[PDB]
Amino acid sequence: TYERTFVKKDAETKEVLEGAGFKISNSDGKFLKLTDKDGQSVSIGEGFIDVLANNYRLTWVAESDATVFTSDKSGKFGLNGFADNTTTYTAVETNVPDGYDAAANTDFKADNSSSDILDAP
């Protein structure tokens, strides 16, 4: 399996940003949802989510039911536990902190890498 990590930052100052929320979309216009091993919804918090340690499952669902991932105190968020490292996904900023405009969508692959996402004030 594979992971991906993002760091949310202010475009001008490069300071990290807490509280920016994202959904993740695939080519079929479906969005990522985390469940426990019994298929139940799980309450997740800010930051990187260790899917493996917690024995969660990744599923693809409609936008309204998707899991929202949120940058933490150090701007980090993301997860591990992807099956495929060759599929294009897109991080979509659904929850924008006051003071900022949404970042443009970010295409990515689960390639165990980490990249910045920038929000203009």
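Sequential numbering from 1, following the sequence displayed.
Per the PDB record, is the mean Cα temperature factor higher over 8-16 or over 105-113?
-> Looking at the recorded C-alpha B-factors, 8-16 comes out higher on average.
88-96 versus 36-44 - greater average Cα B-factor per the deposited record = Mean B over CA atoms: larger for 36-44.
Tell me which of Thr67, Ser27, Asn55, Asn80 tops the list for C-alpha B factor in the record.
-> In this record, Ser27 carries the highest C-alpha B-factor of the candidates.
Which third of the chain does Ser71 land in by C-alpha B-factor: lowest, middle or highest?
-> According to the entry, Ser71 has a C-alpha B-factor in the chain's middle third.
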